[PDB]
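*Asks:* these are from a larger complex, still in place; more later:
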Amino acid sequence: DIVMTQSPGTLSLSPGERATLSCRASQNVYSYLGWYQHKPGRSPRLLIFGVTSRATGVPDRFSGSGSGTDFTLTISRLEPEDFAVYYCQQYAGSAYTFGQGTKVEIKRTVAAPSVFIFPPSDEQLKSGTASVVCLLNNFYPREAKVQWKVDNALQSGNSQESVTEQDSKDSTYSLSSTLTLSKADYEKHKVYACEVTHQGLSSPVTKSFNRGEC
């Protein structure tokens, strides 16, 4: 019933910068508001409870403020360990709803992806299926577009993508896109290509191969 709306979706900042995260309630939540930090393979962690109170062991660079319907979590100096996903939660109504989360990520210089295409193996084709993999390695920002073309025809609904999590050392992302087909359908075409659009590429990059031809 009470809708929690967090803004922005992503915050791209450098370590040492001030981060200000917003949480809006659809109606008054009076003190029944908590803030959480969530790191990829870890349990959520309580930062602030009761709008303003810092939990045990939470560093004083984290602070909560606001009232009624408008709340803020301020991280005064982003240390490298504060780059995480942040949620607010309300306990004022029936059903204690969370916001959608605000991801705080490392802003770094634009890096273009190195692009690689992999045809299906002979081992896989013998099974009756064919998977063509497009790898986009070490790029930043996260936003990238991958398009599959089969004999110059644009594909839809037959590929799936996966992204890695901002890299600890270089602050980049890697993306894998898999085009999946039956051996029957794969054999009906010659040119398999993935076209990549990214901010770091002056124009889209295309990687191709012809079926059979090594």
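*Replies:* Perfect, thanks for sending it. Numbering: from 1, shown residues only, chains lettered A, B, ... in the order given.
*Asks:* show me the domain layout of chain A.
*Replies:* A:1-108, A:109-214 (curated CATH domains).
*Asks:* would you mind measuring the gap between the ends of the shortest one?
*Replies:* Spelled out, it's domain A:109-214. Domain A:109-214 has its terminal residues 36 Å apart, counting by CA to CA, to the nearest Å.
*Asks:* any idea how far that domain is from the middle of the chain?
*Replies:* Taking CA atoms, centre = their mean, to the nearest Å, one finds domain A:109-214 lying 18 Å from the centre of the chain it belongs to.
*Asks:* just the longest one next, same as before
*Replies:* The chain centroid and the centroid of domain A:1-108 are separated by 18 Å under CA atoms, centre = their mean.
*Asks:* ok, back up a step: want to throw the domains of chain A into TSV with mean neighbour count?
*Replies:* Heads up, the C-betas are built off the backbone N, CA and C, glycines and all. Output for these, formatted as TSV (neighbours: other CB atoms under 10 Å):
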stretch	mean neighbour count
domain A:1-108	16
domain A:109-214	15
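*Asks:* surely residue A:79 touches residue A:17?
*Replies:* No - using CB atoms under 8 Å, residue A:79 is not in contact with residue A:17, being 10.6 Å away.
*Asks:* could I get the full set of helices for chain A?
*Replies:* For chain A, the helices defined by DSSP state H cover A:122-125, A:183-186.
*Asks:* could I get the ones you listed in JSON lines, plus columns for distance to residue A:67?
*Replies:* What follows is the helices of chain A, written out as JSON lines (distance: least, CB to CB, whole Å):
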{"stretch": "helix A:122-125", "distance to residue A:67": "59"}
{"stretch": "helix A:183-186", "distance to residue A:67": "59"}
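*Asks:* to residue A:159, which of those lies closest?
*Replies:* helix A:183-186 (13.4 Å; CB to CB).
*Asks:* what's the closest one in contact with?
*Replies:* The contact list for helix A:183-186 (CB atoms under 8 Å, 6 or more residues apart in numbering) reads A:120, A:125, A:127-130, A:211.
*Asks:* closest to residue A:98 among these?
*Replies:* Taking CB to CB as the measure, residue A:98 lies nearest residue A:129 of the contacts of helix A:183-186, at 39.2 Å.
*Asks:* contacting residues for residue A:53?
*Replies:* Contacts for residue A:53 (CB under 8 Å, 6+ apart) come out as residue A:64.
*Asks:* recalculate using a threshold of 10 Å.
*Replies:* Applying CB atoms under 10 Å, 6 or more residues apart in numbering, we find residue A:53 in contact with A:31, A:34, A:46-47, A:64.
*Asks:* list just the nearest of the residues you listed to residue A:110.
*Replies:* Using CB to CB, residue A:47 comes nearest to residue A:110 of the contacts of residue A:53, at 31.2 Å.
*Asks:* which strand residues bridge the nearest residue to the closest one once chain neighbours are set aside?
*Replies:* Of all residues beyond its chain neighbours, the one nearest residue A:47 is residue A:35 (4.6 Å), with distances taken as CB to CB, 6 or more residues apart in numbering. Assessed by DSSP bridges, residue A:35 has beta-bridge partners residue A:48, residue A:88.
*Asks:* from memory residue A:35 sits against residue A:71, does it?
*Replies:* Yes - with contact defined as CB atoms under 10 Å, residue A:35 reaches residue A:71; the gap is 8.0 Å.
*Asks:* next one is chain B, place it on the structure:
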Amino acid sequence: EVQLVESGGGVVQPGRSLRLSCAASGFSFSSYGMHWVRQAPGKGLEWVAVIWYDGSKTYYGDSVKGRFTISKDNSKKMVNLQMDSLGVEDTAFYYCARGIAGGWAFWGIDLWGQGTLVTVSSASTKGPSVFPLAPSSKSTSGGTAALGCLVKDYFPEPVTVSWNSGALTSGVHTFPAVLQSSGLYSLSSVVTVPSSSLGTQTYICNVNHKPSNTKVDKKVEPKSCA
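*Replies:* Below, chain B sits with the chains from the block before:
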């Protein structure tokens, strides 16, 4: 040291039931309102239910109301979550957590468990098929090449991938799996490597899938074309 430990997780068919348990270590339980929170793959945190400190009242999230029951057994020192009529969307990591009392409800949730995976699916436990993503599909020459392993069609909880028995970590990207329309999982593990090393250095990916107790070691070679 205060702790919460969830148990009861695993694989359940859609339409069936699963009962999750939570055990408190080092503290009360009887004077705290206890919650369940979940996180579905690729989605955000979602509050599931609460049971009053008292055991007198219960509240549920809109997507689970009617199907789930949260309960507290102070004799067995346990918190349970009975999940009936499960659907594929109920596949998530489930956390047992303790509320901070405050006012007529809570101010926050301070102590959380490690979480437990609940996979709601009708698929059968299957080990992965490991296919090579052979290097330099065009040119080698100068420097740096990409190779990998396609870990396809498995059904479990997870798979673990390592390269050269853990000796190769530098430039490795093991991707989050994707749940395919078949209800089976698939992932790729890639590694960036010097082109000069392709003829000499051996690259093997070590795929281990505990749920079907299968171990596969696939050697990744450049495709010898003739």
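*Asks:* now that chain B has been added, could you go back to the contacts of residue A:53?
*Replies:* Contact analysis of residue A:53 by CB atoms under 10 Å, 6 or more residues apart in numbering or on different chains lists A:31, A:34, A:46-47, A:64, B:100, B:102, B:107-108.
*Asks:* run through the bridge partners of residue 209.
*Replies:* No chain specified, so I'll use chain A. residue A:192.
*Asks:* my bad, the chain I had in mind was chain B
*Replies:* Residues in beta-bridge contact with residue B:209 (DSSP bridges): residue B:214.
*Asks:* that one: how many residues sit nearby?
*Replies:* Residue B:209: 23 surrounding residues under other CB atoms under 10 Å in any protein chain shown.
*Asks:* re earlier: got TSV for the contacts of residue A:53, with distance to residue A:10 too?
*Replies:* Listed next are the contacts of residue A:53 as TSV, based on distance: CB to CB, whole Å:
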residue	distance to residue A:10
A:31	29
A:34	22
A:46	23
A:47	19
A:64	21
B:100	29
B:102	31
B:107	28
B:108	24
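*Asks:* of the residues you listed, closest to residue A:84?
*Replies:* residue A:47 (10.0 Å).
*Asks:* and that closest one, how far from residue B:32?
*Replies:* Per CB to CB, to the nearest Å, residue A:47 is found 20 Å from residue B:32.
*Asks:* list the contacts for residue A:174?
*Replies:* A:113-114, A:135-139, A:162-165, A:167, B:171, B:173-175, B:190, B:192.
*Asks:* can you give the domain ranges for chain B?
*Replies:* B:1-122, B:123-226.
*Asks:* now the ones you listed as a markdown table including distance to residue A:178?
*Replies:* Below are the domains of chain B laid out as a markdown table (distance: least, CB to CB, whole Å):
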| stretch | distance to residue A:178 |
| --- | --- |
| domain B:1-122 | 16 |
| domain B:123-226 | 7 |
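*Asks:* got the phi and psi for residue 126?
*Replies:* All of this is about chain A. phi -60, psi -20 (degrees, to the nearest 10).
*Asks:* wrong chain, I was asking about chain B
*Replies:* Residue torsions, per degrees, to the nearest 10, at residue B:126 are phi -140, psi 140.
*Asks:* tell me how many other residues crowd the nearest residue to it once chain neighbours are set aside.
*Replies:* In this structure, residue B:126 finds its nearest non-sequential neighbour in residue B:155, 4.6 Å apart by CB to CB, 6 or more residues apart in numbering or on different chains. By other CB under 10 Å, 21 other residues sit near residue B:155.
*Asks:* same question, residue B:168
*Replies:* Here the number of neighbours of residue B:168 (other CB under 10 Å) works out to 16.
*Asks:* ok, it - contacts?
*Replies:* Taking CB under 10 Å, 6+ apart, one finds B:162, B:191, B:193, B:201, B:203-205 in contact with residue B:168.
*Asks:* please repeat the previous calculation with a cut-off of 8 Å.
*Replies:* Contacts for residue B:168 (CB atoms under 8 Å, 6 or more residues apart in numbering or on different chains) come out as B:191, B:203.
*Asks:* what do you get for residue A:148?
*Replies:* With contact set as CB under 8 Å, 6+ apart, residue A:148 has these partners: A:132, A:134, A:154-155, A:158-159, A:177, A:179, A:192-195.
*Asks:* quick check: the farthest pair among those?
*Replies:* Farthest-apart pair in the contacts of residue A:148 is A:158 and A:195; separation 15.5 Å (CB to CB).
*Asks:* could you look up the SS state of residue B:170?
*Replies:* Secondary structure assignment for residue B:170 (DSSP: H, G, I helix; E, B strand; the rest coil): coil.
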